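A single chain, nothing else alongside it, follows as C-alpha cells in the form deposited in one PDB entry.
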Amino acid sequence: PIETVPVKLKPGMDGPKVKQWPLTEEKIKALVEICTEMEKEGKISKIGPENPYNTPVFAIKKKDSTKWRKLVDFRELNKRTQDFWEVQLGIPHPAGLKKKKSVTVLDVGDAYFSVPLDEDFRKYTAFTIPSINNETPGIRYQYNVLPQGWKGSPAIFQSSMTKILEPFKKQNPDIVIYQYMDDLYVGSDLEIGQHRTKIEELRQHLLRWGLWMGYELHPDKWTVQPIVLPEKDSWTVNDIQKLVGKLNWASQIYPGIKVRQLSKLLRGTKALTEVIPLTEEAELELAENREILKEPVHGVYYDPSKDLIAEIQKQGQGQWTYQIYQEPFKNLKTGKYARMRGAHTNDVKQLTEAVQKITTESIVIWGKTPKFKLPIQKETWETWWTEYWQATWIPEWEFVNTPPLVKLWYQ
C-alpha cells in the first residue's frame, strides 16, 4: 500500500542489454533457491522474451561469510539512470567520515525489498539465470521491489532511511552515518570496545523497523605511497641512468625536478657497471629533489563533477601500488598494498582484493567509485574475477598493457 516513486531513464537511451555469462554449479544452485524464495515473497516475478532488457547476475560470499548473496551487475543500468541519483535525490557526503578512528560497514540491502518499484521501470530490472550445459532455456525474472545494487534504490529509500536514523542520530550526534548503495557506513571516534557496542545498538534499532554484518575500517591509519629515491652510497652508471629516467618521469608531477647536474655525470660512453662518484653539484641536486618529493603537488584538489580514475601497478612479491586521480599527474591519493590474500600464488585474487580495497577507500573519502585501469588482459580478468569478489558493488574498469619503463611508484 506504498506509493511508487516514478523513475525514468536519461533522455535518449534504452535499457541495458547485456548477455548473461556462464555460472558455476555452486552459484546456480544458490540463485535458484534465492529466486524461488524471493518469488514466493513477491519480491520478483517471472517474465518472458517480450522483454528486450537483461542484466547479468551471479552470487558471492562476503569475507568470512557462509551464506550466498545474490548480486546483479546493474552498472549498465546505473549509467542509463545517472541523472536521477545525482540531481533530484542526491545524498550528501560527510567529509568527517574519513577522519574517524573506526568505520563499520553494514549490508542494509534487505530493507529495499520493502518499497515497491515503479511499474514502468520494472522492465529494465530484467535478468536471466543460466543452466548447466544449457539443460533448459534461460529462466527470466524481473524485480518488483527496490533491487539490490541499483543506484536509484538508496535515493528512493533515503527519505525513509533518514526517519529511521533520526532517533539514533539524536542520541548520538557525534557519530557520522553515510549510505552508499546497499551498504551503511558508521564512523565514530569511540574506543573500539564501545564502538562495536553502539553498532549492535543500531543493529537492533534497525531490526525493529524490518531489516547483520561486521566489517571494520580505520581510515585514520590510511597511508600514502610517495615517490622515493634510493639512498645508495656507491652509484654506478646504470644506477644514475635509472635515477635520471625516474626523475625525468617524476618531473611531470613535480615541476621543480631537475636532472641537469646528474646528466653531466653521464657524459662519457661508460660501462653500466662502472662506478661514478657524485659531484658536489649532483649531490645537492639529488638532495633538493628528495625534498620536493616530500612536498605535496601544487594545485591538486577534488572536483565533484569529474570522474575518479585509478591505476594499479603490479610490482611483484605481493606488492601492488595504486594512484587515484581525475586529471593526469594530479593525483589525489597514492598508496601501496602488500600481503593480501593470494600473495605469492594468485595475481587475480590479489588484483580483485586490491580493486575492492581501493573502491572502499574511494567511497569513504569522496563517495564515488573510480574507473579502474587494470594491468591484466581482458579474457584473463573476465574468467576469474567473479571467483574472488566479496563486495555488493561493482566498479567500472578498462584493461591496459603499459609495459614498465622505470619503476616510479616502488623502489
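C-alpha atoms forming the largest set that superposes within 1.5 Å between two forms make up the rigid core. Just count from 1 along the sequence shown to find any residue number.
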In at least one third of the other PDB entries compared, is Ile309 left unmodelled? no
Across the other PDB entries of this protein that were compared, is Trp222 absent from at least a third? no
What lies unmodelled of the deposited sequence between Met161 and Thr162 amounts to none
For the C-alpha atoms alone, is the average B factor greater in 314-322 or in 217-225, going by the entry? 217-225
For the stretches 61-69 and 372-380, which has the higher mean C-alpha B-factor as given in the deposited record? 61-69
Of the choices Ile129, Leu332, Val275, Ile192, which one's C-alpha carries the largest B-factor in the record? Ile192
Have a look at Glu166, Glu76, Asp303, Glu327 and flag the one whose Cα has the highest B-factor in the entry. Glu166
Within this chain's modelled residues, let me know which third the CA B factor of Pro56 belongs to: lowest, middle or highest. middle
Just say lowest, middle or highest third for the CA B-factor of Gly12 relative to the other modelled residues in its chain. highest
Taking the C-alpha B-factors as the PDB entry records them, is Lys99 in the lowest, middle or highest third of its chain? middle
Which third of the chain does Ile2 land in by C-alpha B-factor: lowest, middle or highest? highest
Chain thirds of CA B-factor: placement of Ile139: middle
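Just so you know, the form deposited in another entry exists too; it's not on screen, but the next bit is about it.
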In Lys330, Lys169, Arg341, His218, the 2 Å or greater C-alpha shift between the shown form and the other one, rigid core superposed, occurs only at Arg341
Would you say whether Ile91 is displaced between the shown form and the other one, judging by a C-alpha shift of 2 Å or more on the superposed rigid core? yes
Quick one: with a 3 Å or larger change, is the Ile394 to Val87 CA distance smaller or larger in the other entry? Answer closer or farther. farther
Sense of the change in Cα distance from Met161 to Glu86 in the other entry - at least 3 Å versus the shown form: closer
